[PDB]
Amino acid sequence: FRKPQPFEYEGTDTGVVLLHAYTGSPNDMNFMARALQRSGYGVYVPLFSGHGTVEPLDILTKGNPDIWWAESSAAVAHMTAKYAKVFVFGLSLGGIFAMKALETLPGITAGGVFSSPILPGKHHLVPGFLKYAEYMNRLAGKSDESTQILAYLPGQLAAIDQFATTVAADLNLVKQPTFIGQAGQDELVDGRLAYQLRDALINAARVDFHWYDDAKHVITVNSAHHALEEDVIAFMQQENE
């Protein structure tokens, strides 16, 4: 099995932090990162604890929202040390931390999400996780882990939900321009949350909102990805003088 690695592309004036999906990895961001590189942006794609291993239970036993928040914060600092301007974006999980970064961390120009946050009652992540684990374990010749998954998964989703509700309660703190992208056929989260996120950002300088009509959840990888890349780049370019 090939472990995805965190990765970084050097730029000049502007750098971008890309925060991946739950059960995902830096691979979630390969296309986006490369599109940004072609337009001359620096890019940093960390790996969240517990992800990117041969053992799906590692997500549940070696990662948690507090660890992932520290990792996201460290990633932002890494980039704000180097670049005149830094943007931070993420998928559903990574996007919770992107928004908390805009709310609470210094030196960030703008940022946003490529899918709605993970909030209580508004996701279908359990079948996704079970199918992920089955695919991975099959490929690795490992035995089925559904029983242990059910023992830990509800508790971790609860932890994510909880962390996310606090981030949602602080959305009034966001002053930066915010980007919102959401798949229109999202099988993992209720895309209606994107509108609630938009509406809660009462103090944001602007909210740049994009709906990807026919696309499934992971719009950084599926047929929506060229459009998303163009939209994100346009969003960043609006910060030029």
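Between two forms, the rigid core is the largest collection of C-alphas that superpose within 1.5 Å. Numbering starts at 1 and runs along the sequence shown.
Superposing each structure in 4 other deposited structures of this protein on the rigid core shows that the farther-lying of 121 to 129 and 106 to 114, by root-mean-square Cα distance, is 121 to 129. Superposing on the core and measuring CA offsets in 4 other deposited structures of this protein, the stretch of 137 to 145 and 71 to 79 with the greater mean deviation is 137 to 145. A summary of the deposited B-factors shows that, of 53 to 61 and 177 to 185, the stretch with the larger mean C-alpha value is 53 to 61. Just going by the entry, 35 to 43 versus 199 to 207 on mean CA temperature factor gives the higher value to 199 to 207.
Residue-level inspection of the entry shows that, of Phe114, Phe97, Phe87, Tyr152, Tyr152 has the top Cα B-factor. The entry assigns its greatest Cα B factor, within the set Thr165, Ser72, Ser146, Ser92, to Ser146. Split the chain's modelled residues into thirds by C-alpha temperature factor. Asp161 is in the lowest one.
Ranked by Cα temperature factor within the chain, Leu105 sits in the middle third according to the deposited record. In the PDB entry, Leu193 places in the middle third of its chain by CA B-factor.
Among all modelled residues in its chain, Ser25 ranks in the lowest third by Cα B-factor.
In the deposited entry, the Cα temperature factor of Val126 places it in the highest third of its chain's modelled residues.
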